[PDB]
There are 2 protein chains.
Amino acid sequence: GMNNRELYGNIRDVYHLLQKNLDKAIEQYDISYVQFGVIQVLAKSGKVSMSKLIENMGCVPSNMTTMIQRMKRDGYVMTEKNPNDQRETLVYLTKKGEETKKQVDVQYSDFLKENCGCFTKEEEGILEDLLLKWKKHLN
Amino acid sequence: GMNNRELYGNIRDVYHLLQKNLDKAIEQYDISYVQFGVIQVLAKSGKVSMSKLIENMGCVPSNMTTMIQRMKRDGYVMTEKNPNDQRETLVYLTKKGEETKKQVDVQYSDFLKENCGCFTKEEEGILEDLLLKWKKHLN
């Protein structure tokens, strides 16, 4: 009902304020949350496939191939055809992108503190329980 | 720290499971959350501008103009140049899109119940308080 609808709305609003505030925080590095996400994904995993990257993206945009090409010319990522399967593209961080991650992690750390630090320790425990209960229900 | 980072992660994960589950729910109507969003925005407001629509989108995709053209050929929305300002495009729902909203609202109502109804009434009140506290902090 209106209680369920009000809850869906509150969770989206908080999520959207968090992306807005993260984008503000990483602004200086000429990247947005979407490019930042790719850099985080590609640092953890090694040289993965385009498909693996799309799968590992928590949220996939409506222009991945275009968006990666932009990152390719910018010098953050490098793409190459897999010598085994010619219809597959492997993607990985360049030295510059590796260095860009290091520099952005400092602003990201500050982002999490300044934006996810408003609750008391008691409230954090309550919020954690409730959000994990919600995950189990949805998957 | 790790508490702040774990909280950011939990809120994103729940949000992403909600879009996944909504897309599954509205699948039959040949639309995704992004097209559904536009239909909801355009039903509430009347004939708005492309800019107004982009602003009123809680989350704006990386291909609005392309994505609206797709909805234009599909017959959900209609676009026209404003006779006052020629460099401005006005957008609005067609009869089909108006009818599509009616039919999707039934599945959306079921989506909210099946996905945002897992908490007790006591928990709903606690979750509401915590999420509103988070909004005030972020804006």
Side-chain angles (χ1 to χ4, degrees), chain A residues 1-23 32-34 59-61 63, chain B residues 11-12 14-43 45-61 63-80 82-85 88-101 103-112 114-116 131-132 135 138-139:
Chain A
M2 194 57 45
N3 54 334
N4 297 346
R5 188 176 284 259
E6 287 267 357
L7 182 60
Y8 180 59
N10 292 330
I11 203 176
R12 300 207 98 197
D13 293 354
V14 170
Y15 178 90
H16 294 150
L17 290 164
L18 290 165
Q19 302 303 287
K20 175 180 163 196
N21 291 359
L22 178 56
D23 279 3
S32 71
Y33 69 91
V34 58
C59 183
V60 184
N63 63 169
Chain B
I11 203 176
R12 300 207 98 197
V14 170
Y15 178 90
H16 294 150
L17 290 164
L18 290 165
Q19 302 303 287
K20 175 180 163 196
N21 291 359
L22 178 56
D23 279 3
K24 207 283 179 292
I26 72 177
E27 186 187 343
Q28 64 180 88
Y29 302 99
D30 301 308
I31 60 166
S32 71
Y33 69 91
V34 58
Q35 294 77 33
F36 177 76
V38 168
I39 289 170
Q40 296 300 330
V41 166
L42 291 177
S45 67
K47 183 186 291 176
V48 294
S49 69
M50 267 285 277
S51 299
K52 253 287 175 186
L53 178 58
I54 292 158
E55 293 165 349
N56 295 15
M57 282 303 292
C59 183
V60 184
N63 63 169
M64 268 288 297
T65 304
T66 315
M67 193 272 284
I68 270 59
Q69 258 286 313
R70 186 54 153 252
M71 295 183 78
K72 198 190 184 306
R73 90 181 195 343
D74 275 323
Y76 302 121
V77 306
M78 180 53 65
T79 68
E80 65 187 12
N82 180 19
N84 301 0
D85 181 22
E88 191 183 56
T89 304
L90 298 166
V91 193
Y92 59 105
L93 287 180
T94 63
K95 191 168 175 185
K96 180 186 177 179
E98 210 105 78
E99 291 166 349
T100 300
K101 187 195 175 288
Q103 292 168 353
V104 188
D105 285 341
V106 181
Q107 268 69 207
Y108 188 59
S109 181
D110 293 330
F111 160 78
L112 296 169
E114 295 163 27
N115 294 256
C116 302
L131 294 184
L132 275 43
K135 285 172 64 166
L138 297 166
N139 53 39

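Throughout, a chain's letter reflects where its sequence line sits, starting with A, and its residues are numbered from 1.
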With B/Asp30, which residues qualify under side chain to side chain contact (heavy atoms under 4.5 Å, CB included), at least two apart?
B/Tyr76
Measuring from B/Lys95:NZ to B/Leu93:CG, what's the distance to the nearest 0.5 Å?
14.0 Å
Set of side-chain hydrogen bond (donor to acceptor under 3.5 Å, both in side chains) partners for A/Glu6, sequence neighbours left out
none
Minimum-distance pair of heavy atoms, taken over all atoms of B/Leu18 and B/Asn115:
CD2-CB, 4.1 Å
Considering residues at least two apart in sequence or located in another chain, which fulfil the side-chain hydrogen bond (donor to acceptor under 3.5 Å, both in side chains) criterion with B/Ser32?
B/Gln35
Closest non-hydrogen atoms of B/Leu138 and A/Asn21, given as atom of the first, atom of the second and distance, are O-ND2, 3.0 Å
May I ask you to test the B/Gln69-B/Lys72 pair for a side-chain heavy-atom distance under 4.5 Å?
yes
Kindly compute the distance separating CD1 (B/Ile31) from CD (B/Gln103), expressed to the nearest 0.5 Å.
10.5 Å
Heavy-atom closest contact (B/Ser49 atom, B/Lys52 atom, distance):
OG-N, 2.9 Å
Taking C-beta and beyond as the side chain, do B/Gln19 and A/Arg12 meet within less than 4.5 Å on heavy atoms?
yes
Tell me if the aromatic rings of B/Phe36 and B/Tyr108 count as close, with their centers under 6.0 Å from one another.
yes
Side chains of B/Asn63 and A/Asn63: is there a donor and an acceptor less than 3.5 Å apart?
no
Tightest non-hydrogen contact, residues B/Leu131 and A/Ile11, listed as CD1-N, 4.0 Å
Considering all heavy atoms of both residues, which atom of B/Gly37 and which atom of B/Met57 are nearest to each other, and what is their separation?
C-SD, 4.2 Å
Could you tell me which residues satisfy ring pair (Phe, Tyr, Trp, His ring centres under 6.0 Å) with B/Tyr15, sequence neighbours excluded, listed by chain and number?
A/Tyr15, A/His16
By salt bridge (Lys or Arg N to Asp or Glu O under 4.0 Å), which residues pair with B/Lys135, not counting sequence neighbours?
A/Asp13
Are B/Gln40 and B/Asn56 linked by a side-chain donor-acceptor pair shorter than 3.5 Å?
no
Quick one, B/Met71 with B/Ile39, criterion side chain to side chain contact (heavy atoms under 4.5 Å, CB included). Give me CA distance, side-chain angles, the key distance, then yes/no.
CA-CA 10 Å; B/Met71 295 183 78; B/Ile39 289 170; 3.6 Å; yes
Side-chain contact, heavy-atom cut-off 4.5 Å: B/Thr79 with B/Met50?
no
Does B/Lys47 form a side chain to side chain contact (heavy atoms under 4.5 Å, CB included) with B/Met78? I'd like the steps, not just the answer.
CA-CA 10 Å; B/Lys47 183 186 291 176; B/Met78 180 53 65; over 6 Å; no
Between B/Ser109 and B/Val106, is there a side-chain heavy-atom distance shorter than 4.5 Å?
no
Can you list everything that forms a side-chain hydrogen bond (donor to acceptor under 3.5 Å, both in side chains) with B/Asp74? Sequence neighbours excluded, please.
none
Between B/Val77 and B/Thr94, which heavy-atom pair has the shortest distance, and what is it?
C-CG2, 3.6 Å
Rounded to the nearest 0.5 Å, what separates atom OG1 in B/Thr100 from atom CD1 in B/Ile26?
11.0 Å
Euclidean distance, B/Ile68 CD1 relative to B/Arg73 CZ, rounded to 0.5 Å
13.0 Å
So salt bridge (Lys or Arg N to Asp or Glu O under 4.0 Å) across residues 16-26 of chain B, not counting sequence neighbours, yields B/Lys24-B/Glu27
